[PDB]
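Coming up is one lone chain in structure tokens, specifically the form deposited in one PDB entry.
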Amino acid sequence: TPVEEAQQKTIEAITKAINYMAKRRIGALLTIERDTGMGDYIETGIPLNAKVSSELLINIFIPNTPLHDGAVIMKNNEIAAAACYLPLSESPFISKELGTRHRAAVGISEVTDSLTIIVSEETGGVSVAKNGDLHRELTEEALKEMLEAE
């Protein structure tokens, strides 16, 4: 269906952008709003309300650019805003080598049902935060399965 074709197109755009950033070790933080509304966090960022493309996602996160610092938040199959604030987790059970990008992803996942993807600037490793837990060192197939399950 149209709705299903649109969701798969968005998943493919996300996975292509994540793969590009993982290969180049570009740090990234991408939160997908689900049933819990995230308007309060969207409003801290730069409004985009933009169509999803792998190209725009990549351009947003290039280091030392206006939009790279903070989270992209997606809502209703669009990029709602970039450079958004997310709350930092105080969980003592996050790997100690990880920094604020991963703590921000876990933090938003503690108070929403959202799914957040993180690319590490140190290793290019891909992880996902959901329900207060961080799932680390994901393959491409694993990330796709998580997006399709979500």
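Throughout, we count residues from 1 along the sequence that is shown.
As for the form deposited with a small molecule bound, it is not shown, yet the points below apply to it.
S.K.: Is there a heavy atom of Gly107 no more than 4.5 Å from a heavy atom of the small molecule in the deposited complex?
M.R.: Taking the distances in the deposited complex, the answer for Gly107 is no, it never comes within 4.5 Å of the small molecule.
S.K.: Since only the chain is shown here, I'm wondering whether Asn49 would be in contact with the small molecule in the deposited complex (any heavy atom pair within 4.5 Å).
M.R.: No, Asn49 sits far enough from the small molecule in the deposited complex that none of its heavy atoms falls within 4.5 Å.
S.K.: So in the deposited complex, is the small molecule close enough to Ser95 to count as touching (4.5 Å, heavy atoms)?
M.R.: Flag for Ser95 set to no.
S.K.: In the deposited complex, does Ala81 have a heavy atom within 4.5 Å of the small molecule?
M.R.: Result no; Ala81 lies far from the small molecule in the deposited complex.
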